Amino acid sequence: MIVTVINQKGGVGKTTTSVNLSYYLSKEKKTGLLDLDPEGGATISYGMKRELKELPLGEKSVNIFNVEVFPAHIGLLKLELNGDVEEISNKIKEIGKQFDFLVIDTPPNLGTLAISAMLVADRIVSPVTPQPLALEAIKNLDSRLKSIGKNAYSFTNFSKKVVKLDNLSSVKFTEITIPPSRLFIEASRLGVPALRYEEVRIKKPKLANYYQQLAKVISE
């Protein structure tokens, strides 16, 4: 199963979702994380730096915290400029064949990598925020997804109350809402998944429920 996390707007929580969903899924299924953002947010979130080599897509990977992380690298930049959507899509599918779950983190744009990951995805996951630009982006995702007739699952981040938009037929808003929490800030500073930092940091973990609900709603 290929799960791609998409949002045109930056800072909405794409990397956090990819990191924690892949970490949650790796608890009982063989999971990989493909960092298609050239800036390597997910790579940094697993304690690594983006590779200063032009690697082919999917070549280099490290098993960290039971997730097979494919670190971001400068080669992606080239693909972001010259890449063929068909070729990149096929490579992503060949990569996904080795995992029960391949979570793909994508850049905050509508570029080649994001479009390829969005096209090959079995599940498309988008976080929405109370911020205005995220609302514009969720409506744009609904329109462009309407065109090729694919669906996404939207959940809410940076909020205690769900954000839902009316007359977006291609975007299923779940009831999941992830409130502001400096657990995420501390875990990202440390360079580990927040789901993993939580098991040590607090007595009663609370973030595991969000990602269990996400995996629940998207699975099969």
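We number the residues from 1 along the sequence you see.
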ask   = Comparing 144 to 152 with 82 to 90, which has the greater mean CA B-factor as deposited?
value = 144 to 152
request  = Could you settle it for me: does 98 to 106 or 134 to 142 have the higher average Cα B factor in the PDB entry?
outcome  = 134 to 142
query = From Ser61, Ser170, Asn66, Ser45, can you pick the one with the highest C-alpha B factor in the entry?
reply = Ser170
query = Based on the PDB record, which member of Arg189, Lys53, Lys164, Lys27 exhibits the highest Cα temperature factor?
reply = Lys164
query = Within this chain, which third does the Cα B-factor at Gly10 fall in: lowest, middle or highest?
reply = middle
query = Taking the entry's C-alpha B-factors for this chain, is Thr174 in the lowest, middle or highest third?
reply = highest
ask   = Going by the entry, which third of its chain does the Cα temperature factor of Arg182 land in?
value = middle
inquiry  = Considering every modelled residue of the chain and its Cα B-factor in the PDB entry, is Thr31 in the lowest, middle or highest third?
reply    = lowest
